[PDB]
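First comes one chain, alone, set out as structure tokens in the form deposited in one PDB entry.
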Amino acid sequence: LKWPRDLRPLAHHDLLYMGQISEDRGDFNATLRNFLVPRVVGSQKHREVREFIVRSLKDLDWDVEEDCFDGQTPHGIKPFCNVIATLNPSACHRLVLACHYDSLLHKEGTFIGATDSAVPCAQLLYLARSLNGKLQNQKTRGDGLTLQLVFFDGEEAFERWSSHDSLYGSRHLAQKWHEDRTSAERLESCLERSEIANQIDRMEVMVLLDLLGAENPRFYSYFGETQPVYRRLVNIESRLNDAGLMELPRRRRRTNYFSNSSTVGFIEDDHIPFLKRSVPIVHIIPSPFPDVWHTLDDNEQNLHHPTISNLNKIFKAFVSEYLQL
């Protein structure tokens, strides 16, 4: 079965534009510095990070929803709030980009989770801001497609990871959207042969970012279902390299982050409760995990800025191609 939306390759003019960041650099870093703090569930800093996300997106004229709830954990009842921002609420279909904004409660001390997921959080916001003008124009087309950003709360386990202790915000949102009924007749411009019964059917594909910011990540297609989408990430990365737009240590080297193969690895993450509801998932998470994973060294200084800027180019080009910006 083919992808429901025909995927038009990015014009060279646009590819080249999406590929040269330039002194934007300071803009991404200023964004990122807001997330480079402990973001423990329930805490003042966490609440502050959420406020910053909400305000940043409201200021861009996005519809922003705070999906708050209380849930039982091994540490007692906790408050959780997912942030859901939608460029054009009326559009039937959403390209959904996601990450989690809570940070792990680490036994040894204060944990920043710079790759996990402060970087992905900042990348989402940076995409919204850097592509704002083109996004605002796309929104007026009436073509039934929009961009949606989801910052999940409570992804991390409080104690040992288990079905009950983890993914609090994603489990909640998936169930809520699954039970919120709707149909094609109430929505703007759904695709011809699409079946819409509830809100979760409007997620055309969910692209989940996690554990990004370390040097030389390796990605694979984790889902046969979304291979047509994943392959565009492979093609975009290749075109950027052909154009010499990737930052590399020496001349005549290429990035190969997006491997053209698939792997037999199963990663439990915020995608799962959606995967059970037939949401196509692209899971942008390295394999193997960065060495700093869930250690106190997952910190600001261990981020690899050239890798981050290369990933930023790929994601901007990707969103531009999918939404035909």
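Shifts are known only where both forms have a C-alpha. Residue positions are given as counts along the sequence shown, with the first one as 1. Definition used throughout: the rigid core is the maximal C-alpha set that superposes within 1.5 Å between two forms.
The mean Cα B-factor in the deposited entry runs higher for 102-110 than for the other of 102-110 and 206-214. For the pair 293-301 and 66-74, the record assigns the higher mean C-alpha temperature factor to 66-74. Across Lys139, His93, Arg239, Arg181, the greatest Cα temperature factor reported in the deposited entry is at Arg181.
Among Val264, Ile53, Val41, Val279, the highest C-alpha B-factor in the deposited entry belongs to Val264. When the modelled residues of the chain are ordered by C-alpha B-factor, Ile21 sits in the highest third. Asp116: CA B factor lies in the lowest third for its chain, per the PDB record. Per the PDB record, residue ranking by Cα B-factor puts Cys81 in the middle third of the chain.
Among all modelled residues in this chain, the alpha-carbon of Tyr168 has a temperature factor (C-alpha) in the middle third.
When the modelled residues of the chain are ordered by their C-alpha B factor, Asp201 lands in the middle third.
The same protein has a further form, the form deposited in another entry, not shown here; the description that follows concerns it.
Large C-alpha shift between the shown form and the other one, rigid core held fixed: of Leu32, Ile272, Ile53, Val41, this applies to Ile272 alone, with a displacement of 2 Å or more. Once the rigid core is overlaid between the shown form and the other one, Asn260 does not reach a Cα shift of 2 Å, moving by less than that. In the other form, the Cα-Cα separation between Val40 and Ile267 grows by 3 Å or more relative to the displayed conformation.
Annotation: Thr263/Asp6 CA-CA distance shorter in the other form than in the displayed model, change of at least 3 Å. 262-272 stands as the sole run between the shown form and the other one where every Cα shifts by 2 Å or more, at least three residues long, with the core as reference frame.
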